[PDB]
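Engineer: using only what follows, build the 3D model:
(one chain, ligands or ions: 5)
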Amino acid sequence: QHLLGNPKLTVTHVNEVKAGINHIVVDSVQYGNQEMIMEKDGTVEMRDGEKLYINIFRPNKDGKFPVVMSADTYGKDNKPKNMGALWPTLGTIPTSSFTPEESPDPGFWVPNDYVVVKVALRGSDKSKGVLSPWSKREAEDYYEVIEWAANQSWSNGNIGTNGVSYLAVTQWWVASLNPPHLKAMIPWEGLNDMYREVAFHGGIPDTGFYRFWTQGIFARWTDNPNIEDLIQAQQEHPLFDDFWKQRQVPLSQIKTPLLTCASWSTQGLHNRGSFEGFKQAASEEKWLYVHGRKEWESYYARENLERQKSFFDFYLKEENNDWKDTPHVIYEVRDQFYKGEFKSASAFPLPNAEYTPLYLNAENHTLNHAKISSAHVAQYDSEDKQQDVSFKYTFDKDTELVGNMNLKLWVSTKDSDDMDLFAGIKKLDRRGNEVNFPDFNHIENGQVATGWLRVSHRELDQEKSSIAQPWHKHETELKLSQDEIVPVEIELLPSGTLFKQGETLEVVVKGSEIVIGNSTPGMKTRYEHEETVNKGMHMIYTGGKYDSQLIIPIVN
Ligand SMILES: [Cl-]
Ligand SMILES: [Cl-]
Ligand SMILES: [Cl-]
Ligand SMILES: [Cl-]
Ligand code: NI
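Structural biologist: Residues are numbered from 1 along each chain as shown. Ligands and ions are numbered 1, 2, ... in the order given. Please find the structure below.
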């Protein structure tokens with residue numbers, strides 16, 4: 001039958017397709033050689049007269065179909081990319097040749113009688129307009145394309161958005177505007193608060209990935225003079241001010257039926273906001289899927305395509321399938337690299353989480369059940385990349401930690417008026433060796449959880465903070481005096497991990513990155529934090545009034 005495709009046809013070589021309506025044959029990963037129509041370089045006109053450029057892949061037959069859409073500024077005609085040698089840890093990513101990275105593959109969706117629309121947002125492709133990534137103005141353009149699509153001859157009126165990374169962030173954005181024909185959304189790993197999630201971590205500027213990403217956009221469209229200079233924006237907006245508030249999606253405006261993917265493996269880019277989107281969305285019908293595996297690999301994996309399709313068959317085809325039997329949260333409890341167990345819950349944060357303090361003791365590198373009665377101080381050189389302080393707890397029984405963790409420290413410094421603190425959670429096996437996990441950006445020597453804070457940014461938003469997840473206002477800098485001892489709470493980003501009986505959790509605090517390096521030597525694919533306020537010794541106080549502690553989310 002037709003899902004085996006037609007092996008008599010030759011696949012359309014994608015760089016040879018010309019503008020207009022084309023009959024093409026797609027090298028589908030699932031369904032062999034698949035005939036369809038591709039309309040290349042169609043335009044949609046914005047309210048201000050700007051044209052946005054798109055491709056439309058649709059069944060070669062009359063009729064009305066549900067529509068799958070994605071939008072970004074990376075190039076709508078990108079042929080997906082010696083990657084095996086150049087970025088070996090990307091994992092297995094099977095797609096047709098008509099799938100720009102992270103996009104819904106028309107070779108999967110179109111044979112299942114969906115239309116796929118690929119949108120080049122303003123400033124990209126033949127548009128030389130303003131390119132302001134992850135903004136409301138970009139969201140407004142996306143909204144126009146959704147509503148236009150709903151009125152086309154091949155459209156059943158129901159548009160669902162889908163895609164990874166930039167293609168996910170733009171969904172949080174457009175959904176906050178509630179387009180009337182946006183009937184479902186699949187933000188598969190996307191941030192939605194640039195200040196907190198990519199431009200700065202805990203107030204410390206990302207000098208790596210953020211800048212690499214920004215430069216990449218500039219390099220992609222060198223003949224567009226209207227690309228927003230986000231390098232300079234980072235320099236001149238060090239606090240969460242009116243500029244950055246406009247780059248935090250108003251998530252509680254979202255009402256659209258929602259399938260979110262978050263990953264334990266993307267801490268430092270999409271992880272925080274993936275969870276924020278799921279949590280804060282007002283949507284009455286929402287689901288979350290969490291894994292501790294690789295990003296694009298998991299998106300394109302057949303089981304996750306089938307999950308996406310089941311959600312869209314319910315919402316876009318209006319089929320009475322059993323989608324709503326799906327538990328609202330499905331999550332991996334990671335044990336080792338690519339080894340874990342998937343479990344389910346009715347909510348995130350997990351309704352059975354017991355937020356449990358472990359108190360730090362500076363004298364003996366321990367985390368403890370009981371409070372430490374007398375105040376002591378530990379110390380590390382903040383400029384020596386080999387120095388840190390660490391604290392360990394060995395479990396007496398199998399324990400699952402799933403959710404946020406909060407590291408409360410009392411700290412001071414003598415040689416600077418500020419401190420950059422780098423926190424990490426590690427798991428050590430029964431032999432005392434670190435157990436590595438997938439981590440950002442597609443590194444395999446990562447850790448359990450990571451967090452950051454610039455201490456002048458420590459002031460908490462009391463309304464938004466919780467016992468497991470501190471929320472920092474980032475409104476004003478509270479610089480320090482010599483030996484001013486201050487309380488800080490560091491956001492360890494959401495993680496899911498089993499600690500077996502005999503295994504150890506280790507907190508590490510340091511003046512620089514805890515896990516070093518990346519998976520693409522010479523290219524800044526990972527966060528870096530090379531612009532630091534650190535000088536000299538950092539002090540960490542524990543015991544007595546200095547109730548330094550780690551709050552851990554014990555579940556199951
Ligand atoms: Cl449920
Ligand atoms: Cl225990
Ligand atoms: Cl939690
Ligand atoms: Cl806020
Ligand atoms: Ni060929």
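Engineer: rest of the way, CA atoms for contacts and neighbours
Structural biologist: OK.
Engineer: quick check: the residue of the stretch 351-500 of the chain found nearest ligand 1 vs residue 282, distance?
Structural biologist: With Cα to the ion as the measure, residue 351 is the residue of the stretch 351-500 of the chain nearest to ligand 1, at 10.9 Å. Counting by Cα to Cα, to the nearest Å, the separation of residue 351 from residue 282 is 18 Å.
Engineer: which ones are touching the residue nearest the centre of the chain?
Structural biologist: Against the mean C-alpha coordinate of the chain, by Cα atoms, centre = their mean, the closest residue is residue 270 at 1.3 Å. Going by Cα atoms under 8 Å, 6 or more residues apart in numbering, residue 270 touches 165, 189-191, 197, 262-263.
Engineer: the same query, at a cut-off of 7 Å, please.
Structural biologist: 189-191 (Cα atoms under 7 Å, 6 or more residues apart in numbering).
Engineer: tell me the secondary structure of the closest residue to ligand 3 within the chain, please.
Structural biologist: In the chain, no residue comes nearer to ligand 3 than residue 403, which is 3.7 Å away by Cα to the ion. Secondary structure assignment for residue 403 (DSSP: H, G, I helix; E, B strand; the rest coil): strand.
Engineer: my guess is it contacts residue 497, does it?
Structural biologist: No. Contact between residue 403 and residue 497 fails when scored by Cα atoms under 7 Å: they sit 9.3 Å apart.
Engineer: who in this structure is up against ligand 2?
Structural biologist: 395-397 (Cα under 5 Å from the ion).
Engineer: top of those by neighbour count?
Structural biologist: Neighbour counts for these, by other Cα atoms under 10 Å, peak at residue 395, which reaches 14 neighbours.
Engineer: got the contact list for the residue of the stretch 151-300 of the chain at minimum distance from ligand 2?
Structural biologist: Going by Cα to the ion, ligand 2 is nearest to residue 264 of the stretch 151-300 of the chain, at 23.0 Å. Residue 264 is in contact with 271, 291-292, 494-496, counting by Cα under 7 Å, 6+ apart.
Engineer: ok, back up a step: what about the residue of the stretch 351-500 of the chain closest to ligand 1, which SS state?
Structural biologist: Criterion first, three-state DSSP; result for residue 351: coil.
Engineer: for it, which non-adjacent residue is closest in space?
Structural biologist: Distance criterion Cα to Cα, 6 or more residues apart in numbering; nearest residue to residue 351, sequence neighbours excluded, is residue 345 at 7.8 Å.
Engineer: could you dump the contacts of residue 264 to JSON lines with neighbour count?
Structural biologist: Shown next, in JSON lines, are the contacts of residue 264 (neighbours: other Cα atoms under 10 Å):
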{"residue": "271", "neighbour count": "24"}
{"residue": "291", "neighbour count": "23"}
{"residue": "292", "neighbour count": "28"}
{"residue": "494", "neighbour count": "27"}
{"residue": "495", "neighbour count": "27"}
{"residue": "496", "neighbour count": "24"}
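Engineer: can you put these in TSV and add distance to residue 15?
Structural biologist: Supplementary listing: the contacts of residue 264 in TSV, determined by distance: Cα to Cα, whole Å:
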residue	distance to residue 15
271	35
291	35
292	35
494	41
495	42
496	43
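Engineer: out of these, which sit inside helices?
Structural biologist: In helices, judged by DSSP state H, the following of those are found: residue 271.
Engineer: which ones among the contacts of residue 264 map onto strands?
Structural biologist: 291, 494-496 (DSSP state E).
Engineer: identify the farthest-apart pair in those residues.
Structural biologist: For the ones in strands among the contacts of residue 264, with distances taken as Cα to Cα, the pair at the greatest spread is 291 and 494 (11.5 Å).
Engineer: number of residues surrounding residue 140?
Structural biologist: Neighbour tally, residue 140, other Cα under 10 Å: 16.
Engineer: quick one, what contacts it?
Structural biologist: Here residue 140 is in contact with residue 174 (Cα under 7 Å, 6+ apart).
Engineer: which residues does the residue of the chain closest to ligand 3 form beta bridges with?
Structural biologist: residue 495 (DSSP bridges).
Engineer: show me what contacts it?
Structural biologist: Taking Cα under 7 Å, 6+ apart as the test, what residue 403 contacts is 349, 494-496, 553.
Engineer: can you do 8 Å?
Structural biologist: Here residue 403 is in contact with 349-350, 493-496, 553 (Cα under 8 Å, 6+ apart).
Engineer: ok, now residue 341?
Structural biologist: Each residue near residue 341 by Cα under 8 Å, 6+ apart is listed here: 332-335.
Engineer: looking at those, which are in strands?
Structural biologist: Using DSSP E, these in strands are 332-335.
Engineer: just among those, which is most surrounded?
Structural biologist: Busiest of those [other Cα under 10 Å] is residue 334, holding 26 neighbours.
Engineer: pretty sure residue 156 belongs to a strand, no?
Structural biologist: Yes. Per three-state DSSP, residue 156 lies within a strand segment.
Engineer: give the bridge partners for the closest residue to residue 354 other than its chain neighbours, please.
Structural biologist: The shortest distance from residue 354 to any non-neighbouring residue, by Cα to Cα, 6+ apart, is to residue 554 (5.1 Å). Beta-bridge pairing for residue 554 (DSSP bridges): residue 354, residue 401.
Engineer: which residues are in contact with residue 554?
Structural biologist: Applying Cα under 8 Å, 6+ apart to residue 554 gives the contacts 353-356, 399-402.
Engineer: distance to residue 464 added to the residues you listed, as CSV?
Structural biologist: Output for the contacts of residue 554, formatted as CSV (distance: Cα to Cα, whole Å):
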residue, distance to residue 464
353, 19
354, 19
355, 17
356, 20
399, 28
400, 25
401, 22
402, 20
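Engineer: ChimeraX command for the buried members of those?
Structural biologist: If you want just the buried ones from the contacts of residue 554 in ChimeraX, going by 16 or more other Cα atoms under 10 Å, the selection is:
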select :353,355,356,399,400,401,402
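Engineer: for residue 314, give its distance to residue 505.
Structural biologist: 42 Å.
Engineer: and the two? Which one has more around it.
Structural biologist: Shown here are residue 314 and residue 505; by other Cα under 10 Å, residue 505 has more neighbours (19 against 16).
Engineer: quick check, that one in contact with residue 390.
Structural biologist: No. Judged on Cα atoms under 8 Å, residue 505 makes no contact with residue 390 at a distance of 10.3 Å.
Engineer: residue 230 is in contact with residue 213, isn't it?
Structural biologist: No. Counting by Cα under 8 Å, residue 230 sits too far from residue 213 to count as a contact (9.8 Å).
Engineer: so which residues on the stretch 301-450 of the chain come close to ligand 1?
Structural biologist: 327-328, 346.
Engineer: on that earlier part again, and the residue nearest to residue 351, how far is that from residue 332?
Structural biologist: In terms of Cα to Cα, residue 345 sits 11 Å off from residue 332.
Engineer: go on, residue 12?
Structural biologist: From residue 12 to residue 332 the distance is 39 Å (Cα to Cα).
Engineer: quick one on the thing from earlier: and of the contacts of residue 270, the nearest to ligand 1?
Structural biologist: Nearest to ligand 1, judged by Cα to the ion, of those is residue 189 at 20.9 Å.
Engineer: let me see the contact set for that closest one.
Structural biologist: 164-165, 168-169, 260-263, 270-271, 274, 295.
Engineer: go through the residues you listed and flag which are in helices.
Structural biologist: 168-169, 271, 274, 295.
Engineer: from the residues you listed, which would you call buried?
Structural biologist: Buried members of the ones in helices among the contacts of residue 189, counted by 16+ other Cα under 10 Å: 168-169, 271, 274, 295.
Engineer: interface residues of this protein facing ligand 3?
Structural biologist: Proximity of the chain to ligand 3 (Cα under 5 Å from the ion) is limited to residues 349, 403-404.
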